[PDB]
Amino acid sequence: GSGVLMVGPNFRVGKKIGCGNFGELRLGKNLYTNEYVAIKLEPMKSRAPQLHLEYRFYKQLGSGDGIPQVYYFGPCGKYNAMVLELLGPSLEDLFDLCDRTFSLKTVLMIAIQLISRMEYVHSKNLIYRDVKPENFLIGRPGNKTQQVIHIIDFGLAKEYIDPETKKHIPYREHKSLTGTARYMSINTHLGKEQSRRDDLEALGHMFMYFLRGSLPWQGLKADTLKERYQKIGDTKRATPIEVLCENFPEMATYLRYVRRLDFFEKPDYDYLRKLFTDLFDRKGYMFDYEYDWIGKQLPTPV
């Protein structure tokens, strides 16, 4: 009789926000605290549920730097809902706002943070497997973390360390392709099980995407997803790192380091961060969080 959707005891469900979704993400308000939140909804009728174990992955991640806080997971009408800390625009939104190219200083401030972000995820025995500009969000204007790059949507995540055996998951192939083709590692294209290295290689592709404005396999189309995947993969293998990373030696070093990582191998995150901080220092940049998108006006649902 109210006509109003509530999630849990205190979350009023608001307008849906963002692009895509199709009703899957909505603005929300914690009526008890008078704060806005993000509410991810999943029809209880879903064929491929992801919401609640994404919730479980967040539990396993725990409170962390750059990890959105999770407040609730419960039924909402014919929806299962997960209430999350509200963040700002994604790197993709910001990219468009900056005319689809970030300065090296901005990319390095982003890269240095994400390597740490991924190392954190990996330290919790999880591999991300869904790298893309759309899943990395800055904080909100004021909520103290607007300059922190956050990582969201852990629906495609996986525990790479068996919780009982305490062993790294076994190598294997023939994994079906689903993730986003543009950034995925070459091995992902080959149908191989993803591991730590693959998250790091995807980040590399994304860093070059930001620096160049686009990637050279970006416009490939085909008659079947599998074929497209295969064409993109062929081009990635056919584009020499030194050609892709032309003018960015450190990026080339980062990329072939991760490309050559063994399946079970622990990446040397310190080594990778240093490739970028040394470069950062040598260019004379100051890590002051003044990205290319500053002064600009971002979107807000509130």
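The first residue of the sequence shown is number 1, and the count goes up from there.
Enquirer: When the Cα temperature factors in the entry are averaged, is it 289-297 or 18-26 that ends up higher?
Expert: The entry gives the higher C-alpha B-factor average to 18-26.
Enquirer: Quick one: say whether 215-223 or 125-133 has the higher mean Cα B-factor in the deposited entry.
Expert: Stretch with the greater average CA B-factor: 215-223.
Enquirer: From the list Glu85, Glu119, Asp198, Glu164, select the residue with the highest C-alpha B factor recorded in the entry.
Expert: Highest C-alpha B-factor among the listed residues goes to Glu164.
Enquirer: Just grab whichever of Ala38, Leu275, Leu51, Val70 has the top CA B-factor as deposited.
Expert: The C-alpha B-factor peaks, among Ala38, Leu275, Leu51, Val70, at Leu51.
Enquirer: Could you place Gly204 in the lowest, middle or highest third of its chain by Cα temperature factor, using the values in the record?
Expert: It falls in the bottom third of the chain.
Enquirer: By the recorded C-alpha temperature factor, relative to the other modelled residues in its chain, which third is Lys105 in?
Expert: Lowest third of the chain for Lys105's C-alpha B-factor.
Enquirer: Where does the C-alpha B-factor of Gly64 rank in its chain, lowest, middle or highest third?
Expert: As the PDB entry reports it, the C-alpha B-factor of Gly64 lands in the middle third of its chain.
Enquirer: Quick check for you: using the entry's CA B-factors within this chain, is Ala252 in the lowest, middle or highest third?
Expert: Its C-alpha B-factor, which the entry lists for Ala252, ranks in the middle third among residues of this chain.
Enquirer: Give the position of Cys245 by CA B-factor within its chain, expressed as the lowest, middle or highest third.
Expert: Highest third, going by the recorded CA B-factors of the chain.
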